Amino acid sequence: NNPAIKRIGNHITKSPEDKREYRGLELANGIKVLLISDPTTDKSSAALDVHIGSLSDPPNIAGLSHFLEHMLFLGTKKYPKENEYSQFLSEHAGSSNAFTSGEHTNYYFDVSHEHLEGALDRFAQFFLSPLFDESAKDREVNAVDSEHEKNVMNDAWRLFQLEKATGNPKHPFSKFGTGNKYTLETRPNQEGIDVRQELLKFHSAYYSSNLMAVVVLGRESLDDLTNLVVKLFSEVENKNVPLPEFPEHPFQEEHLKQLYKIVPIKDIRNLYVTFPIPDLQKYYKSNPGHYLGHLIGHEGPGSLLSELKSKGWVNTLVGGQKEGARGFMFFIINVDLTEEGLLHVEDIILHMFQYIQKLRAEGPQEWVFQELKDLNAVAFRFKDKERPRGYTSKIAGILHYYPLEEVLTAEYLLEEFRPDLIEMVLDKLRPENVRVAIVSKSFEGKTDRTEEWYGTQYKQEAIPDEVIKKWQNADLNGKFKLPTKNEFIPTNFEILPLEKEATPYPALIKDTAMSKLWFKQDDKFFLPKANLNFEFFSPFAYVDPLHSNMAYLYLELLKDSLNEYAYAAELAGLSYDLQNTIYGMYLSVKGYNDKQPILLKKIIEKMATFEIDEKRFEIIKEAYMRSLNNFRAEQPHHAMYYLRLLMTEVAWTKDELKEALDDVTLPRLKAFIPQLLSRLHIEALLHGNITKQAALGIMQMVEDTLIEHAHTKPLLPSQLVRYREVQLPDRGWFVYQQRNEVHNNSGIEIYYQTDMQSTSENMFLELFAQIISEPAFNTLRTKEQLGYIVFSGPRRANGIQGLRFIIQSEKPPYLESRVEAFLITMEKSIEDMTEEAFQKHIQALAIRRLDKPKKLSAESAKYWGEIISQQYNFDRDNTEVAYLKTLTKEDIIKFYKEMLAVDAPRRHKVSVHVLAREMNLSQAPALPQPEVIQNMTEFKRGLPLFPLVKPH
Amino acid sequence: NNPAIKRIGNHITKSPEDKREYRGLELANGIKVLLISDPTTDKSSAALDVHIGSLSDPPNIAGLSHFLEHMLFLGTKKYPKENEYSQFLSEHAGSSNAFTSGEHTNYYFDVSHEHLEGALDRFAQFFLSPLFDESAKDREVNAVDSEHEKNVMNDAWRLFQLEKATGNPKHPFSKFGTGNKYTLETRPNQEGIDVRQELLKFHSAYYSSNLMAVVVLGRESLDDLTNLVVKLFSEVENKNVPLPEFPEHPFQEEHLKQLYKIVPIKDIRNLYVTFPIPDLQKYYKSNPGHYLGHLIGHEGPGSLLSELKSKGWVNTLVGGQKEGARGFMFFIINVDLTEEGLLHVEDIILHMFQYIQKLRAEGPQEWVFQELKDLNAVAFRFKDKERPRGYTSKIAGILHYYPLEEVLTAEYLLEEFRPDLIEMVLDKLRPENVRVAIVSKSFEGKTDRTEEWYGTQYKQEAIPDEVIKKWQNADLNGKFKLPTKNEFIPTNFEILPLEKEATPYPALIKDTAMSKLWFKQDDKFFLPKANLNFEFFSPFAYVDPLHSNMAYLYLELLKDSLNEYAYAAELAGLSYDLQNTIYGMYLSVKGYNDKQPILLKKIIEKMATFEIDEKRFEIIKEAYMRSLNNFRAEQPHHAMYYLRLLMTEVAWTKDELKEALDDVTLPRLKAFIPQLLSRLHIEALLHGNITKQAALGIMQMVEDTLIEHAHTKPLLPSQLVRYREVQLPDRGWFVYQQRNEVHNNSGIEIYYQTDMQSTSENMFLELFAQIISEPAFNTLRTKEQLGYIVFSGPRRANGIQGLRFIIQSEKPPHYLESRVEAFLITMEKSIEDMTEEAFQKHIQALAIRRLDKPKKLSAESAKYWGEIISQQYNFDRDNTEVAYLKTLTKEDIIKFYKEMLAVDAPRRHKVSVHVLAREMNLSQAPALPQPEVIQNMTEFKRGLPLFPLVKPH
Ligand SMILES: [Zn+2]
Ligand SMILES: [Zn+2]
């Protein structure tokens, strides 16, 4: 054996169904590596995880470890061209990205399996000699600063950082993770530090091989992927860094029995109960936290959630162990509050302790643990094949925590039942060590403290002893039961053999006035699973604001009443999704095909005979009101929204929906339901491990239940229509504008309508999109630093398509001239790019479109698309790619001069401008003055609507 | 004195609101003449009525006098061009027509006021030197045969002739009016007749001056008009023809007590009860007929219709005197029948005699006469000014019947109260001389006779003698009472003073979420009337075919419920039109403004607190079902209908409505109403003898009433959708094809769609429309004789427009197309050849047509209502558009034709609808492209862009 490989991992315990081929190993220098050999993959992929992150930033430069992560993309000693990396990845059908936690910096990529070597080499250089270019450091600090601004008004982060800022300040937990202009440029300059150096020290100090794990997946044999990793990663230095432990919990004596009152941005009510605990990671084999999470989290009859829900105090609850770092964790129970629940916080919490007391009173349930084990065992036997890129990144992450031979199984299986540990953790959940946080708009004005980084308005009190004492005496309550034995565990996993009459694509197999049924027995994956998808068209779902509203409430309340029942099902890997659409309703049922009919029958049955509950109805309606209102507080790309509204024939606005909400009275909804159901068409796609005649019987029962309980009759053919896109005039240019009252950043979509989707008109657009893709990111973000979110690519809607640009910025939408200026740069670029450059792109688009589906639901979505889009072109990718391969540099250009260029005979252009709360480089073209859109419906009315697309 | 005039008559009595000046005179040769001077009129008119008609047809050339009427239009000695007259009229903003009843032939026209003299000259010649060209006679005989085919399968015509054919056949009344090709060309050639002689002979025999009345209306002084009429009509020859009289009734004592059982074309159910009466005409000062008419026909509490409808047997009823001819008349009482009703005819007729008995038992009522007299006197005082052509035609007719001084007032005012004439006519409504027809599909198969001219299937029977007896024995039935006093009779007639800041066009005086109120106070007509129009928007009334069904049903049951109470108001000259539209509902209240808010309020209250009778729901639905179904018997030129369906964004078919009509249960309607009414928006035009504030209150009162009782609130602005027209491809051509299963002609509509309506696009279209207007009629009908129904003109929908042709024909539509297409090339050439001055004539002709001032409130209203319902709000459109029209040149129209209309126009957009018959030289046609045959209406529409909606003003 090789002098550069300290050890070899074999065998690597994997799923019984998993045809990929694993060998792990430890290099001389101390890198733990997993290699995955998949001879049939279209995309190769690799990831590296360094066991350093945010929690190790020097205290005088918050965000350094995050910022470093941003920088390693921007050029290395071997490959100085600042975007050589991300250009290579896009010229060969690939993509890359990274992230930074408290203890991890994780970097991943994928690429056309044929250029795994190129990509990997470019990538290894991040860990050998990054340039940290002085002038690139100066630009990209803004990208980070943008990232932070985006999050400043997100409530999740406000809270995330708030927790950090209310524990021990001297603890590295309290650190600002994201960093920004002040932490990373302004303050270090004033403080006399040199940032580029500190990067380099940091990199040098912590990016040591003893702290890295690498996963590399490709088509190559295990032996070849070996010499390839060894060749590339043997050189990483081993600095021998000691791996950081944080053994002292950030919440000390004084940080406990504290109540926090917090003003949100959105109109949200929320309660965050939280207890500090020791680091349960080392007991991964028995997993006590998960066991107690399973119980406290449960949503079945007898659960905490149920009682709280039944008293009208909460809607949703999550609970379980929350990750901390090596040496400290959390156990949480969060709920959202109703109006009434906000008035009864002390009570809700007493109930939380009463549940906990029940568990103590009964002690550790072995059958419950056994159940959890067997569920996991099955989950794992029949795990879906992952997308390589995510797979490598995840795995590279967990190599730090498990022996090479155990990585695949490790975060899946549970092994010994450990009652003493369940009992040591449970004993940690008590009144005298709890932290409570309430979040509500009604604390507006009553706060005294502003959190430093986000500006969060809050107040902090000691929870009075009388209240803590009252919670310790929490007795049992006969409303709390342990869960009954999960009914929906699927016993039977037979894969039925491929039928004689079986097709490669879905066949239409029932075509009645009542229902069209697309069916395909699964020919690729061979798991005991099925996907059952149904649209139920009825004009009545979206005919008008009030009706949308009701179509929505109806499904929510239905889902809500069903949730106690469906939860056990969902745990047993059999789940469903049901929502309203613009056309009437959608229902998907996915999972193990064994208990699949039972649940389906329940859902249909239940919708057709639904008793609404007044109290329930009232809570949900109010939540929904708030939810509609809270949209004023999303991000500036809002831009996307208005674009949707402007371009579609029918589209109800939030303001419209919220006007009509006041007049959904209980009777009117009751009346609404059987009306909605009286006339329908059903288009279904049933894909997976079921047979032609089994499917027929499925569809049948579905229908029959409807005919029976809701007297459904078929809909008229003419009364079945799709909606249309607005047809923009030639050489025209409109601009609509709003403000965002909440984020002090601005946003913008620019939309270049082209024509109706066809083979050719699609590929022109797709390929142009391909070519510009990364130049777009490089010019608009990397060079010009217009903001953290910059985006280009196709827009497809109602059968029409165009090109879109999205940008979020500190700048005003100006943003336009830069997008227009860029666009000319692209004109010059195509005129100069070589034939062999050009054919690289065609090949990228090619591999990308033709990449085979990995799991059954990836493939169901592919036909779903075809079916709802009413195009039915199941062989699309082959036609389209064959045609693609015919396009010359000449064609693309002509397409550009005709449709996109500043002065195209046929340029159609809309631009949405969301202005902020408060409102050298290449040359921009002079633009016409736009016709400003004063009113949205007026806009639509004075313009043609395209045709609906014909069914190939 | 004057040789040419036998006498001027005295003051001609008029309403005192009638600003027109009038002279009646009798000419030397016996022509009774009325002359109207209106120095303000935009069009002038004249009419001539000849007291001869199809009752005087030779018995062996049926229809000859109808056919003569057709032929006076095609040439006289002084003006011999086959179409000189109809062309002179087109070129000077005139129209023209004629009709032939049993005893009259009536010829009328109008023209630009400037050209009354030349119009009239051309017209007098009809009565002096008609040519009856041999080669025109040959062609036009087909126009008559078409006219008749059209009537063959229509039910009213069939019944009309069937009554004529079961009277005494030896009687003139039994004749066949229209004639056809068989009777006017075939039968006479077989029997060696020269029709041109018999036309010439009949005209010479009967168009004699002693039997003629003339009315002429122009700006000219009354003297000027006198000189004119003397000039052109003194030379009409007086043959002193005895005026024919028909003393003996055709239903003699032998054709009485008959039951007739008729198989109808449409699925209808009807009973016609009919008694013969003497001629009541001479008794016009008292009107015994109309009094019993008014009584029997009443729809108020305690009336006949009222009980009959209560026992769920009948739905509507008419009754009164039907006109006969000099010598005979009829009294009729006709009902339609419910399903139950067809099985209780015997009882229904008894109820009729019970009511008649009541009238006999009560005596005649002078207080009822008195009511009738005032309603009439009020009606005449404040009668709306009539359009000149209708007016002259009408008077010309009634000059024969009444003294000169009395023409204007004779048909209106009452004078004498005659108990004895009432008793008299009321003694003739007895079972011993009754006639009874039941029309019903349930006699299909069971009928033993065929009426020669229409083919009508029927059976005839003596009414069982003790069925008569039982009706003779009808005692009074307590559900029947004479109507009480009529509280809706207006008394306040005060024209309000013309307000301080009032305006020439409607002003938007209210702009809320619930309503847009357009208001204009009358500044032209000064009659105590007002028009109140309302659109209720609710997308709910047309969301789906089912809801449309309810929109409709609801509205009918509501109209039905009110009927008993609204009827009173209607006789009081106060009426309402209420109906469902594609955008929710339309409600109009028209007439004497005095009691109007009483009625409007009753309508809104009712329609917002409605209780639906279970019985009347089941009945009306059955009737509505039939109605839908019955469209398959509507005329082939159906074509219009399929085109409306093919080009609107949204349209439910009669077939979808028919299907979805089964799932309209009583529970389900009861739900609909409150839903529909819950969110509305109202656009209204209140117009007339009302003040700003009076108007604002009316608008508010409507709103408020709905607010109270239907908890109504504002519709969201974006839910106020207008619909769109399908946008056709450049250079495309589609054909939809269907067949009419009842009718044995075929039909066609051709649409060359052009662009959106716009000042310029509109006048380009209208100008070309006008220029081709009569050449089209002349070519496609008169020369080519493709059919009776030949129409060309503009077509306006959902803010888009274009040129259309409708024809109804014997020939197939693959042939009609080619002749229209041929006419299109004939016309580009015509435009090319015509003098600049001939071109300006047409501009002027269209210009005048557009600028014609409205004569009555309802007409000005309509023009404003068009602006509003169409959301163009171009109230001054007529000067804007005319001003612009005067700019146009031959160049512009030629370019226009070549770019939009020509057979290979770069931008021709063509739809043709071909409706085939039950059973399926000349200028050069162009060779056509290959049509795309529209297969599925919905698919066709899905695959094409839609036009924008038009910008408001
Ligand atoms: Zn980042
Ligand atoms: Zn005629």
# chains A, B, ... in the order shown; residues from 1 in each chain; ligands from 1
>>> closest_atom_pairs(of="chain B", to="chain A", cutoff="8 Å", atoms="only C-alpha atoms", output="tab-separated table")
residue	atom	partner	partner_atom	distance
B:543	CA	A:543	CA	7.7
B:544	CA	A:719	CA	7.3
B:656	CA	A:716	CA	7.8
B:716	CA	A:656	CA	7.3
B:718	CA	A:937	CA	6.4
B:719	CA	A:544	CA	7.4
B:938	CA	A:718	CA	5.8
B:942	CA	A:948	CA	5.4
B:943	CA	A:947	CA	5.0
B:944	CA	A:947	CA	4.6
B:945	CA	A:946	CA	4.6
B:946	CA	A:945	CA	5.2
B:947	CA	A:944	CA	4.8
B:948	CA	A:943	CA	4.5
B:949	CA	A:941	CA	5.4
B:950	CA	A:942	CA	6.7
B:951	CA	A:942	CA	6.7
>>> residues_near_ligand(ligand="ligand 2", cutoff="10 Å", atoms="only C-alpha atoms and all ligand atoms", output="list in words")
residues 63, 66, 67, 68, 69, 70, 71, 97, 98, 99, 100, 143, 144, 145, 146, 147, 148, 178, 179 and 788 of chain B
>>> write_last_selection(atoms="N, CA and C atoms", output="mmCIF file, in the first residue's frame")
data_model
loop_
_atom_site.group_PDB
_atom_site.id
_atom_site.type_symbol
_atom_site.label_atom_id
_atom_site.label_comp_id
_atom_site.auth_asym_id
_atom_site.auth_seq_id
_atom_site.Cartn_x
_atom_site.Cartn_y
_atom_site.Cartn_z
ATOM 1 N N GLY B 63 -101.384 37.122 -54.211
ATOM 2 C CA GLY B 63 -100.193 37.911 -53.888
ATOM 3 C C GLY B 63 -99.839 39.043 -54.847
ATOM 4 N N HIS B 66 -99.414 42.528 -53.105
ATOM 5 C CA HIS B 66 -98.098 42.497 -52.446
ATOM 6 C C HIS B 66 -97.029 42.688 -53.529
ATOM 7 N N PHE B 67 -97.074 41.878 -54.594
ATOM 8 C CA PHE B 67 -96.006 41.866 -55.600
ATOM 9 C C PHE B 67 -95.922 43.178 -56.360
ATOM 10 N N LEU B 68 -97.062 43.847 -56.557
ATOM 11 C CA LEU B 68 -97.063 45.147 -57.184
ATOM 12 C C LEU B 68 -96.231 46.061 -56.305
ATOM 13 N N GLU B 69 -96.435 45.982 -54.987
ATOM 14 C CA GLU B 69 -95.725 46.843 -54.003
ATOM 15 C C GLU B 69 -94.218 46.699 -54.177
ATOM 16 N N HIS B 70 -93.763 45.465 -54.315
ATOM 17 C CA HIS B 70 -92.365 45.227 -54.534
ATOM 18 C C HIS B 70 -91.839 45.910 -55.771
ATOM 19 N N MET B 71 -92.690 46.008 -56.789
ATOM 20 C CA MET B 71 -92.266 46.380 -58.129
ATOM 21 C C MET B 71 -92.295 47.844 -58.356
ATOM 22 N N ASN B 97 -89.458 51.970 -47.293
ATOM 23 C CA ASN B 97 -90.091 50.662 -47.296
ATOM 24 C C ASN B 97 -91.565 50.718 -47.626
ATOM 25 N N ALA B 98 -92.202 49.569 -47.541
ATOM 26 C CA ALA B 98 -93.570 49.458 -47.933
ATOM 27 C C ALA B 98 -94.134 48.275 -47.213
ATOM 28 N N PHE B 99 -95.457 48.202 -47.113
ATOM 29 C CA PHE B 99 -96.133 46.985 -46.645
ATOM 30 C C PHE B 99 -97.518 46.897 -47.268
ATOM 31 N N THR B 100 -98.086 45.690 -47.234
ATOM 32 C CA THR B 100 -99.378 45.389 -47.843
ATOM 33 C C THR B 100 -100.251 44.587 -46.897
ATOM 34 N N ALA B 143 -87.618 37.478 -54.822
ATOM 35 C CA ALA B 143 -87.611 38.184 -53.556
ATOM 36 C C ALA B 143 -88.893 37.784 -52.826
ATOM 37 N N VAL B 144 -90.031 37.806 -53.525
ATOM 38 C CA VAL B 144 -91.288 37.405 -52.885
ATOM 39 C C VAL B 144 -91.240 35.938 -52.399
ATOM 40 N N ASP B 145 -90.854 35.014 -53.255
ATOM 41 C CA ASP B 145 -90.701 33.630 -52.813
ATOM 42 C C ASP B 145 -89.792 33.423 -51.579
ATOM 43 N N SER B 146 -88.696 34.177 -51.500
ATOM 44 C CA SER B 146 -87.873 34.197 -50.300
ATOM 45 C C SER B 146 -88.651 34.713 -49.114
ATOM 46 N N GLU B 147 -89.262 35.899 -49.259
ATOM 47 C CA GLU B 147 -90.116 36.489 -48.216
ATOM 48 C C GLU B 147 -91.034 35.420 -47.668
ATOM 49 N N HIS B 148 -91.557 34.561 -48.528
ATOM 50 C CA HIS B 148 -92.530 33.606 -48.063
ATOM 51 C C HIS B 148 -91.881 32.429 -47.363
ATOM 52 N N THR B 178 -99.171 36.955 -49.183
ATOM 53 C CA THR B 178 -97.810 37.073 -49.653
ATOM 54 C C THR B 178 -97.614 36.726 -51.120
ATOM 55 N N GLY B 179 -98.223 35.637 -51.566
ATOM 56 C CA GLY B 179 -97.881 35.061 -52.861
ATOM 57 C C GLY B 179 -96.536 34.366 -52.775
ATOM 58 N N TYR B 788 -84.260 37.096 -49.837
ATOM 59 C CA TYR B 788 -84.988 38.249 -49.288
ATOM 60 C C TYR B 788 -84.086 38.986 -48.302
#
>>> residues_around(residues="residue 323 (chain A)", least_positions_apart="3", cutoff="12 Å", atoms="only C-alpha atoms", output="PDB file with N, CA, C and O atoms, in the first residue's frame")
ATOM      1  N   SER A 101     -21.167  27.241   9.686  1.00  0.00           N
ATOM      2  CA  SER A 101     -21.882  27.196  10.974  1.00  0.00           C
ATOM      3  C   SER A 101     -20.948  27.624  12.072  1.00  0.00           C
ATOM      4  O   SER A 101     -19.935  28.240  11.799  1.00  0.00           O
ATOM      5  N   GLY A 102     -21.282  27.293  13.315  1.00  0.00           N
ATOM      6  CA  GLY A 102     -20.436  27.631  14.482  1.00  0.00           C
ATOM      7  C   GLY A 102     -19.120  26.871  14.501  1.00  0.00           C
ATOM      8  O   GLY A 102     -18.093  27.398  14.930  1.00  0.00           O
ATOM      9  N   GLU A 103     -19.153  25.638  13.995  1.00  0.00           N
ATOM     10  CA  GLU A 103     -17.986  24.751  13.980  1.00  0.00           C
ATOM     11  C   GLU A 103     -17.631  24.177  12.592  1.00  0.00           C
ATOM     12  O   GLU A 103     -16.726  23.336  12.495  1.00  0.00           O
ATOM     13  N   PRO A 276     -31.417  24.405  28.796  1.00  0.00           N
ATOM     14  CA  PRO A 276     -30.066  24.069  28.412  1.00  0.00           C
ATOM     15  C   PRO A 276     -29.699  22.649  28.850  1.00  0.00           C
ATOM     16  O   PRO A 276     -30.121  22.191  29.904  1.00  0.00           O
ATOM     17  N   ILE A 277     -28.924  21.944  28.041  1.00  0.00           N
ATOM     18  CA  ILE A 277     -28.571  20.548  28.359  1.00  0.00           C
ATOM     19  C   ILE A 277     -27.115  20.237  27.975  1.00  0.00           C
ATOM     20  O   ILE A 277     -26.510  20.998  27.216  1.00  0.00           O
ATOM     21  N   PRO A 278     -26.534  19.144  28.518  1.00  0.00           N
ATOM     22  CA  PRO A 278     -25.171  18.748  28.105  1.00  0.00           C
ATOM     23  C   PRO A 278     -25.147  18.230  26.661  1.00  0.00           C
ATOM     24  O   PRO A 278     -26.205  17.959  26.095  1.00  0.00           O
ATOM     25  N   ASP A 279     -23.966  18.105  26.070  1.00  0.00           N
ATOM     26  CA  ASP A 279     -23.905  17.737  24.676  1.00  0.00           C
ATOM     27  C   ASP A 279     -24.222  16.262  24.393  1.00  0.00           C
ATOM     28  O   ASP A 279     -23.338  15.388  24.458  1.00  0.00           O
ATOM     29  N   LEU A 280     -25.475  15.997  24.019  1.00  0.00           N
ATOM     30  CA  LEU A 280     -25.947  14.617  23.819  1.00  0.00           C
ATOM     31  C   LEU A 280     -25.346  13.881  22.626  1.00  0.00           C
ATOM     32  O   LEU A 280     -25.649  12.698  22.423  1.00  0.00           O
ATOM     33  N   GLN A 281     -24.510  14.555  21.833  1.00  0.00           N
ATOM     34  CA  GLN A 281     -23.968  13.928  20.632  1.00  0.00           C
ATOM     35  C   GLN A 281     -23.312  12.562  20.912  1.00  0.00           C
ATOM     36  O   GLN A 281     -23.633  11.583  20.262  1.00  0.00           O
ATOM     37  N   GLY A 289     -32.345  12.362  23.218  1.00  0.00           N
ATOM     38  CA  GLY A 289     -32.997  13.640  22.926  1.00  0.00           C
ATOM     39  C   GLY A 289     -34.114  13.459  21.929  1.00  0.00           C
ATOM     40  O   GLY A 289     -35.203  14.002  22.096  1.00  0.00           O
ATOM     41  N   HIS A 290     -33.818  12.669  20.903  1.00  0.00           N
ATOM     42  CA  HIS A 290     -34.746  12.353  19.856  1.00  0.00           C
ATOM     43  C   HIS A 290     -35.966  11.630  20.412  1.00  0.00           C
ATOM     44  O   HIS A 290     -37.109  11.952  20.030  1.00  0.00           O
ATOM     45  N   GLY A 320     -37.929  19.277  20.822  1.00  0.00           N
ATOM     46  CA  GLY A 320     -36.880  18.296  20.634  1.00  0.00           C
ATOM     47  C   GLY A 320     -35.548  18.944  20.931  1.00  0.00           C
ATOM     48  O   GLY A 320     -35.517  20.043  21.514  1.00  0.00           O
ATOM     49  N   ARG A 326     -19.846  21.436  20.279  1.00  0.00           N
ATOM     50  CA  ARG A 326     -19.267  20.295  20.931  1.00  0.00           C
ATOM     51  C   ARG A 326     -19.175  20.674  22.397  1.00  0.00           C
ATOM     52  O   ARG A 326     -18.272  21.389  22.798  1.00  0.00           O
ATOM     53  N   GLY A 327     -20.148  20.253  23.194  1.00  0.00           N
ATOM     54  CA  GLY A 327     -20.123  20.548  24.629  1.00  0.00           C
ATOM     55  C   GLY A 327     -21.375  21.175  25.202  1.00  0.00           C
ATOM     56  O   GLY A 327     -21.483  21.310  26.408  1.00  0.00           O
ATOM     57  N   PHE A 328     -22.305  21.594  24.342  1.00  0.00           N
ATOM     58  CA  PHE A 328     -23.596  22.119  24.803  1.00  0.00           C
ATOM     59  C   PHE A 328     -24.713  22.055  23.764  1.00  0.00           C
ATOM     60  O   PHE A 328     -24.500  22.337  22.586  1.00  0.00           O
ATOM     61  N   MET A 329     -25.898  21.676  24.229  1.00  0.00           N
ATOM     62  CA  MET A 329     -27.103  21.613  23.414  1.00  0.00           C
ATOM     63  C   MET A 329     -28.299  22.257  24.134  1.00  0.00           C
ATOM     64  O   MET A 329     -28.187  22.793  25.266  1.00  0.00           O
ATOM     65  N   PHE A 330     -29.440  22.212  23.455  1.00  0.00           N
ATOM     66  CA  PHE A 330     -30.658  22.823  23.935  1.00  0.00           C
ATOM     67  C   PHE A 330     -31.739  21.819  23.716  1.00  0.00           C
ATOM     68  O   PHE A 330     -31.627  20.934  22.867  1.00  0.00           O
ATOM     69  N   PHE A 331     -32.780  21.927  24.514  1.00  0.00           N
ATOM     70  CA  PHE A 331     -33.987  21.225  24.244  1.00  0.00           C
ATOM     71  C   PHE A 331     -34.989  22.328  24.185  1.00  0.00           C
ATOM     72  O   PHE A 331     -34.983  23.232  25.033  1.00  0.00           O
ATOM     73  N   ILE A 332     -35.851  22.279  23.187  1.00  0.00           N
ATOM     74  CA  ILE A 332     -36.796  23.344  23.023  1.00  0.00           C
ATOM     75  C   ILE A 332     -38.197  22.805  22.927  1.00  0.00           C
ATOM     76  O   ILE A 332     -38.397  21.628  22.642  1.00  0.00           O
TER      77      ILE A 332
END
>>> residues_near_ligand(ligand="ligand 1", cutoff="9 Å", atoms="only C-alpha atoms and all ligand atoms", output="PyMOL selection string")
chain A and resi 66-67+69-70+98-100+143-144+147-148+178+788
>>> atom_distance(atom1="CA of residue 392 (chain A)", atom2="CA of residue 529 (chain A)")
24.8 Å
>>> residues_around(residues="region 513-516 of chain A", least_positions_apart="6", cutoff="6 Å", atoms="only C-alpha atoms", output="CSV table (one decimal) with N, CA and C atoms, in the first residue's frame")
chain,number,residue,atom,x,y,z
A,681,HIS,N,-63.6,18.4,-12.7
A,681,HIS,CA,-62.8,17.4,-13.5
A,681,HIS,C,-61.6,17.0,-12.7
A,682,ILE,N,-61.1,15.8,-12.9
A,682,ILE,CA,-59.9,15.3,-12.1
A,682,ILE,C,-58.9,14.8,-13.1
A,683,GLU,N,-57.7,15.5,-13.1
A,683,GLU,CA,-56.6,15.0,-13.8
A,683,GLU,C,-55.5,14.5,-12.8
A,714,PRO,N,-69.8,15.6,-13.7
A,714,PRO,CA,-68.7,16.2,-14.5
A,714,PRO,C,-68.9,17.6,-14.9
>>> residues_around(residues="residue 259 (chain B)", least_positions_apart="5", cutoff="7 Å", atoms="only C-alpha atoms", output="VMD selection string")
chain B and resid 435 to 437 460 to 463
>>> write_last_selection(atoms="C-alpha atoms", output="PDB file, in the first residue's frame")
ATOM      1  CA  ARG B 435    -114.163  29.369 -31.979  1.00  0.00           C
ATOM      2  CA  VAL B 436    -111.397  27.449 -30.168  1.00  0.00           C
ATOM      3  CA  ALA B 437    -107.823  26.514 -31.316  1.00  0.00           C
ATOM      4  CA  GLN B 460    -111.179  20.019 -36.906  1.00  0.00           C
ATOM      5  CA  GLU B 461    -114.242  19.080 -34.723  1.00  0.00           C
ATOM      6  CA  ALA B 462    -117.684  20.250 -33.621  1.00  0.00           C
ATOM      7  CA  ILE B 463    -117.575  21.143 -29.944  1.00  0.00           C
TER       8      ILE B 463
END
>>> residues_around(residues="residue 219 (chain A)", least_positions_apart="6", cutoff="7 Å", atoms="only C-alpha atoms", output="JSON, numbers by chain")
{"A": [37, 38, 39, 40, 41, 113]}
>>> residues_around(residues="residue 778 (chain A)", least_positions_apart="4", cutoff="10 Å", atoms="only C-alpha atoms", output="PyMOL selection string")
chain A and resi 82-83+86-87+772-774+782-785+790
>>> atom_distance(atom1="CA of residue 889 (chain A)", atom2="CA of residue 798 (chain A)")
29.2 Å
>>> atom_distance(atom1="CA of residue 472 (chain A)", atom2="CA of residue 365 (chain A)")
23.0 Å
>>> select_by_dssp(residues="region 417-617 of chain A", states="helix (DSSP H, G or I)", output="ChimeraX atom specification")
/A:419-426,431-433,441-443,465-472,539-541,545-571,596-608,614-617
>>> closest_residue(among="A:547, A:906, A:679, A:139", to="residue 728 (chain A)", atoms="only C-alpha atoms")
A:906
